[PDB]
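First the structure, in the form of structure tokens, and then the observations on it.
Side-chain atoms are counted along with the backbone in the values below, which use heavy atoms only and exclude waters and symmetry mates. Numbers restart at 1 for each chain; the letters A, B, ... are given by sequence-line order, proteins then strands.
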Amino acid sequence: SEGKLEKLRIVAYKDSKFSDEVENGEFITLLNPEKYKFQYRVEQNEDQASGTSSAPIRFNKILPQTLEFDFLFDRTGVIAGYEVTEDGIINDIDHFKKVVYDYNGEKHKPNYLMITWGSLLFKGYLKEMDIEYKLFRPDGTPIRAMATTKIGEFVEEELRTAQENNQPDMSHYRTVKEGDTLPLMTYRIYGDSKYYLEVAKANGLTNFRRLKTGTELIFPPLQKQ
Amino acid sequence: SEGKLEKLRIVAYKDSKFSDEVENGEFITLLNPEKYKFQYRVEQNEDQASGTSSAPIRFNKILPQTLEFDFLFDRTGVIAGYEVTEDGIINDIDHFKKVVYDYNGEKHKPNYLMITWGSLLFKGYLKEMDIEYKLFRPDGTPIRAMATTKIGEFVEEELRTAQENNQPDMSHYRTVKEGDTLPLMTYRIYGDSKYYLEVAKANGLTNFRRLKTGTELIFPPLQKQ
Amino acid sequence: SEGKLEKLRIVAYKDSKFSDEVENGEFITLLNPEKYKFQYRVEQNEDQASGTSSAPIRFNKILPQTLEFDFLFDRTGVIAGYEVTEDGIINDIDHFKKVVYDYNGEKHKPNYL
Amino acid sequence: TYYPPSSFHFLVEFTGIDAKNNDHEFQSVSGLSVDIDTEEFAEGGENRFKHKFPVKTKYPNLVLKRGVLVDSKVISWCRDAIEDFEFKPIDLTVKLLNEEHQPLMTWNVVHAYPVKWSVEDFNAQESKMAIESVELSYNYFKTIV
């Protein structure tokens, strides 16, 4: 199934864990986009005092991501594999809007979206859309249209703290290798060499100036109040 | 009547339910636009705290829609089906402005508009217009002009709540299928599994840990004060 | 080793003295950028009183610097020295983002570069 | 080959259009070729050449010429597309023939439809045959040999 041309899909969801599908809420395109594009932004704090030659740069935030792509709808009859329909592209656009745009009275909002094509997998919200109608039948039925789309990114807050595995607050263990000293190991774990007598008391060490090269030590966290 | 070339029409209305027509308030074009364009916008709240890698994205609002198109007026005499008029395009533009622009003293406002061509049906208000005059007869009578237009979208407030069928506030019923449990069904209806003893008391169930597979249950809403 | 075409490298670090390397935190490109660009800004205080023909210019600050460049990733099979991979450029971009973009829970920030 | 073949003996056949012997005979056939679009890139430090990369395979339209035929089936098919926007793509075979009138080599032209039709100018002072020309768009071709 390497030889199969895969087509892009969009599915709508009801919950923020993406496990409860909206009924009849799946869109499949008939022509793939040419390309797609991502955007990444990191913000820093850059205040400095007058008279100085450089600023201390502090991390502030990571801003949300962005995806963009374009679509083409056409039912003229020159593309192999598809049929000409009596009403053209009317039902294709109406089903596409029901999935990505329309307000849902069960959840009091528009839908959660999952976008999958090949290696790509993206979860989020629609922000912007433009649709332009190009060709028509003599009675005013449209047969060609072009759409531009912008998607934002969604992370649930319980999953953000699990991805930022934030760790002087937790407990730690190491094994002593030959070449280790107690004040150098304390500096790499706490940021300061001065806690070496508290690490030695918590492990029952008397001759801490010579460590034996199979010992497993604990490193307790610092007290908070 | 498939073979008939349909022409775009605009009708003016007096009320917000679109049932009372303005007398002599219908415009029919002589040449169709080439294309038309829609615009869709959804707004979110994106505040986040410093030190974090992603924001909780909250839905805020759906903004009003927009339609745009262009027109051409010409009475030179090379288009089959029409006649040359003594005064050119003077009465065509004056009737077009009376429908879409002019203030109505009966309602203290401009008119409500319905725009229909083929599959298209749009209700709203005029926002913007530009008219440029191109050719003239030697005595200063114009015979060609071009117009650009922008239309906003109107929804009456009684119809907005009927389209947003907003539903822990209303009543619900289900039928028991094989494989259902009472705490899993309570979670999908209320968002929490802890209300299962109130659902069982409202239905008269004693052996709720085994449900029989033809029973119809009620799910009352939560009390408000 | 004059004749060797050197390739651009980016390494991630844990501390502000740049001595403690992130493990598996080194990226090496397969095609070099065409060019790169620097930017330098110095700010002055330029208040003057009315009626005068020139201002006393006072030094205020030197603003931080900026570097910019562009990259190309390609695994089609026409560039000598490299092989076609089963998954294309998927692992090249995922390793590049882990070095320069991703949040590190050990330091509560992205990496020093 | 040891002695390569000449180019003046060939046959054009259509699939999806009623056959007539007078629609298989042509004066000339052209357009059986292909090319690849590429892009360029300059790598810093490499001063001997620029890199080139392929992007897309490209084919030209197929062009057929013959003397004017008034009852052609191919032309009726062309008119439906030209006048009413009714499009129904066809397949086509181009055959280069040997002395036993069997194919040396053939070209399989896939999913073709009409984009052009014309007849050359009339001239009261010249002795000439009226010539008709038809041009078709297609997706790709394959060869059999």
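Contacts of A:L63 with chain B are made by both backbone and side-chain atoms, with heavy-atom separations under 4.5 Å. At a 4.5 Å heavy-atom cutoff, the contact between B:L5 and chain A is made by backbone and side-chain atoms alike. Within the 4.5 angstrom heavy-atom criterion, atoms from both the backbone and the side chain of A:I131 approach chain B.
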Compile the donor-acceptor pairs, distance criterion under 3.5 Å only, formed between chain A and chain B.
| from | atom 1 | to | atom 2 | distance (Å) |
| --- | --- | --- | --- | --- |
| A:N60 | O | B:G51 | N | 2.8 |
| A:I62 | N | B:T52 | O | 3.3 |
| A:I62 | O | B:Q48 | NE2 | 3.0 |
| A:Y103 | OH | B:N166 | OD1 | 3.2 |
| A:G105 | O | B:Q167 | N | 3.2 |
| A:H108 | ND1 | B:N166 | OD1 | 3.0 |
| A:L126 | O | B:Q44 | NE2 | 3.4 |
| A:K127 | O | B:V42 | N | 3.1 |
| A:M129 | N | B:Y40 | O | 3.2 |
| A:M129 | O | B:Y40 | N | 3.0 |
| A:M129 | O | B:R41 | NH1 | 3.2 |
| A:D130 | OD2 | B:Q39 | NE2 | 3.4 |
| A:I131 | O | B:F38 | N | 2.9 |
| A:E132 | OE2 | B:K35 | NZ | 2.8 |
| A:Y133 | N | B:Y36 | O | 3.1 |
| A:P138 | O | B:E6 | N | 3.0 |
| A:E164 | OE2 | B:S53 | N | 2.7 |
| A:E164 | OE2 | B:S53 | OG | 1.5 |

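Under the ring pair (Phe, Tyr, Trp, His ring centres under 6.0 Å) criterion, B:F219 pairs with no residue at all, not counting sequence neighbours. Among residues two or more places apart in sequence or in another chain, the side-chain contact (heavy atoms from CB on, under 4.5 Å) test is passed with A:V84 by none. Under the rule for a side-chain contact (heavy atoms from CB on, under 4.5 Å), the partners of A:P33 that lie at least two apart in sequence or sit in another chain are A:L8, A:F69, A:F71.
Summarising the geometry of B:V42 relative to A:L126, their closest heavy-atom pair is CB-O, 3.8 Å, with the distance given to 0.1 Å.
The most heavy-atom pairs under 4.5 Å with chain B, out of A:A145, A:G140, A:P138, A:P142, come from A:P138.
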